[PDB]
Amino acid sequence: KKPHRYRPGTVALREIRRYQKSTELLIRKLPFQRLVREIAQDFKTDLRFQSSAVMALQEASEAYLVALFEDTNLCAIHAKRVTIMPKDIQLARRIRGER
Amino acid sequence: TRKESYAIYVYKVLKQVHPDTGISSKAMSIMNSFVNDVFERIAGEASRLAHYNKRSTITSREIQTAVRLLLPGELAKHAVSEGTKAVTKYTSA
Amino acid sequence: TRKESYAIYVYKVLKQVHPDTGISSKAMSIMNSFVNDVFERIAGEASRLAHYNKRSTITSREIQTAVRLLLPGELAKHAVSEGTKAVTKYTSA
Amino acid sequence: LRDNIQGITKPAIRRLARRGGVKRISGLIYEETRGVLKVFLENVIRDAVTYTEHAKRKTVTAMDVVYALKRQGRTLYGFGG
Amino acid sequence: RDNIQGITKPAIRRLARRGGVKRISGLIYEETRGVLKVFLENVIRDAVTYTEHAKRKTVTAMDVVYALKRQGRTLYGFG
Amino acid sequence: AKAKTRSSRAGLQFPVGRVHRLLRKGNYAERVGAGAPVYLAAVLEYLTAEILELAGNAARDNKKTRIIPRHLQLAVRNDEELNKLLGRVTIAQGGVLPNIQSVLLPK
Amino acid sequence: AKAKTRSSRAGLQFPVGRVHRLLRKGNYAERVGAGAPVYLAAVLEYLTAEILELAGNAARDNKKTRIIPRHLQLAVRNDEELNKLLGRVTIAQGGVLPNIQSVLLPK
DNA sequence: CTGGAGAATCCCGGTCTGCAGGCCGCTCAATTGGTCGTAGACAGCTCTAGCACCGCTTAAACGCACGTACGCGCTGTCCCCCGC
């Protein structure tokens, strides 16, 4: 009569393995399209969009985010830590040249 | 032979903004390098744009778009204003 | 209208090296884009080489130089060998 | 169109980090991720709209996105070429 | 022949100081030597390529300028 | 005599004539040399052969008869020189290399 | 009639004729618009004036009558938009901005 | 060490289906042949700078003594992120 729960972290490793083998998008399509159109609203009104364009933005953004996450993980590990801190992201972006 | 540069024009611009400030040779060499760099960047972007729209002519609109793409914010706005004013003045003249 | 691509030649090469291997449309487009990008890189580098040397022609020597500049090590050497072999064969025949 | 950046839910960023090889994640990360993503999207969309307008068009094509990504040093294959 | 040892530790320390570095480990110097060597190969290879394509035997500064430019490191003040 | 394609003359799979046309239409120079398009076509063909060979090896390793973007990404990233060449390229639906840092492994 | 410079007609200091000639010989497009070199020269002149003003300010702050590469570097790095524009540009003998991290300061 | 237990994953048939690839008609872009103009290949000339050498001079690198603070290991606390 025990809940039989897994230890903290093994599930994280399992999902890391799961998501490092797949290739599909990880973000819901409709919210991403809504955000993209909202951002584009500030540059020109009544703008129409090809669907292939929105897929292109989604792919590029997810790839860039994965790269940034990988760099941030290295930065945090350099601090002998296991959890990711925003300071790691800031340092990584600064080193990349984005800051 | 003779090699052309931007020394005289940069000198005149300097005398317009700072009518008393001198300049060294290394500085104006850097000036000419910077001018050439910007020229090549804008011209290449304009050529890319013209090829993008299947057109054989490079007009001032292409340069305006290229400047908007290459310069950040306020610099782009001010440069657009300068180019528009110069074009209008030359056409009127 | 009609758009052209490198699809047939890519499929030919695929059958040459892996005669029993198919390919999806998306991957096929990926190779098409890759070939286009490499074409642009080599062409731009060759154009810069010609302009630097004040030349009117893009010859195979410029192509070889651009290949050396843009390719890493063994890729560059093998590509140079392949290009020289193809040029020799075409010249002879 | 207001309050869409909240559309990127915490599980989505979690999945993104898991694909990024991240095992333990702080709770005060997600808003930073959203801000950075917003900056990147703004930077790309600005140039994409510039390209679309220079062509005197009213719809944004994927090919415009391709040019915008290329000019920012992030080349993407498989979207027209 | 060990010109890589021509890069003495005072010069490395000076460069670190201009870089705003206060405390330096002893293992740093050889690491800098290696990284600088790698950078030098990367630049010089392209420089020699340009010199050869021009069918010349003397490397010009403009060759170095082009090599740096094509590597994403633009340099001014030399042409 | 009957027309003989320059690709066949040089024994290549890629269209040398189309390459020459693109070279002339790219505003790259005033005039285009005779052998340059052949050289470029040969180089493109060789690189295509390299990437296709690696992708086919990967797809067979995954035990599929068609090459998908995942196999392309695996082939490009696993090769040192190909990854070096395509260092700044994003492959749609390419996924990531299954790499995990050692420190996060359960000990 | 007497020759009048196109720069004077546009009220510019940058040589519009030289710009147009370089555009023609730069292999950018088959045809060049008449209003193109004027626009390009105007943009170049504006940017030159901006950075020259900043460099003159820096040189005056150093009580020097001539702008040196150090002044140019200081002006470029201090101006946010200018620094972003020349992000990957290295200036010879420009030095670096004097900046020291807080944690290294004595406490 | 070490069986059980439970959850997670793999695998092997069995079924369906969209597209990969082959086939076909056509057409326009590649080809062939001939003209002509001119870019650069080539030989030749000049003289600049790049290489080498030598002798002083002295600032900088080097070696070393010495001392201290900091990177690192260790420990206890709590809170906050993960598994559900």
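Residues numbered from 1 in each chain as written, not as in the entry; some residues may be left out. Chains lettered and ligands numbered in written order. Part of a larger assembly, values for the part shown. Heavy atoms only, no water. Residues with missing side-chain atoms left out of burial classes, pairs and counts.

The record lists cryo-EM as the method behind this PDB entry and 3.96 Å as its resolution.

A. Molecular detail of the overall build of chain D. In terms of helices and strands, chain D carries three helices and three strands. Helices and strands in chain D line up, N terminus first, as α-β-α-β-α-β. The C-alpha radius of gyration computed for chain D amounts to 16 Å, which surpasses the reference 12 Å derived for 81 residues by more than 25%, pointing to a less compact arrangement than a globule. Taken along the three principal axes of its C-alpha coordinates, chain D extends 45 × 30 × 15 Å. Each of the 81 residues in chain D was classed as buried or not, and the buried ones make up 59%. Once local pairs closer than 6 in sequence are excluded, the contacts in chain D between residues at least 24 apart make up 40%. Summing over all exposed atoms, chain D offers an accessible surface of approximately 3300 Å²; the carbon and sulfur share of this is 54%. Looking at charge distribution, chain D has the averaged site of its 17 positive side-chain charges lying 8 Å from that of its 7 negative ones. (Helix = DSSP H or I, 4+ residues; strand = E, 2+ residues; numbered from the N terminus. Rg over C-alpha atoms; globule rule 2.2 N^0.38 Å. Buried < 20%, exposed > 50% of the residue type's maximum accessible area, 1.4 Å probe, protein only. Contact = heavy atoms within 4.5 Å. Areas by Shrake-Rupley, 256 points an atom, 1.4 Å probe, with all protein chains shown as cover. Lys, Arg positive; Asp, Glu negative; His and termini not counted. Charge placed at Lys NZ, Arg CZ, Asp CG, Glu CD.)

B. Region of interest: the protein's contact with DNA strand H. The environment of DNA strand H is made up of 41 residues, and the closest members are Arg5(A), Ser56(C), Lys9(E), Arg14(E) and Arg21(F). For DNA strand H, the backbone portion of the atoms within 4 Å of the protein, that is sugar and phosphate, comes to 95%. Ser25(C) is positioned such that a nitrogen or oxygen atom in its backbone is 3.3 Å from a phosphate oxygen of DNA strand H. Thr57(C) places a main-chain nitrogen or oxygen 3.4 Å from a phosphate oxygen of DNA strand H. Listed by contribution, the elements that provide at least two residues to the surface near DNA strand H are α1 (10-21) of chain A, β1 (22-23) of chain C, β1 (24-25) of chain D, α1 (9-18) of chain E together with α1 (6-9) and α2 (16-25) of chain F. Its residues assigned to classes, the surface near DNA strand H shows ten nonpolar, twelve polar and 19 charged. (Near = heavy atom within 4 Å. Polar contact = N/O pair within 3.5 Å; in protein donor to acceptor, adjacent residues only side chain to side chain. Nonpolar A, V, L, I, M, F, W, Y, C, P; charged D, E, K, R; others polar.)

C. Summary view of the side chain of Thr48(G). Position of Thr48(G) relative to the elements: it lies in helix α3 (residues 36-61). Excluding residues that lie within four positions of it along the chain, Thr48(G) makes contacts with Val10(B), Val13(B), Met31(B), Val35(B) and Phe14(G).

D. Quick look at the environment of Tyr6(A). All names here are of chain A. Tracing the backbone shows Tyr6 in the segment before α1. In this structure, the C-alpha to C-alpha distance between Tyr6 and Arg48, residues 42 residues apart in sequence, is 48 Å. Setting aside residues up to four positions removed in sequence, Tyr6 forms contacts with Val11 and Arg14.

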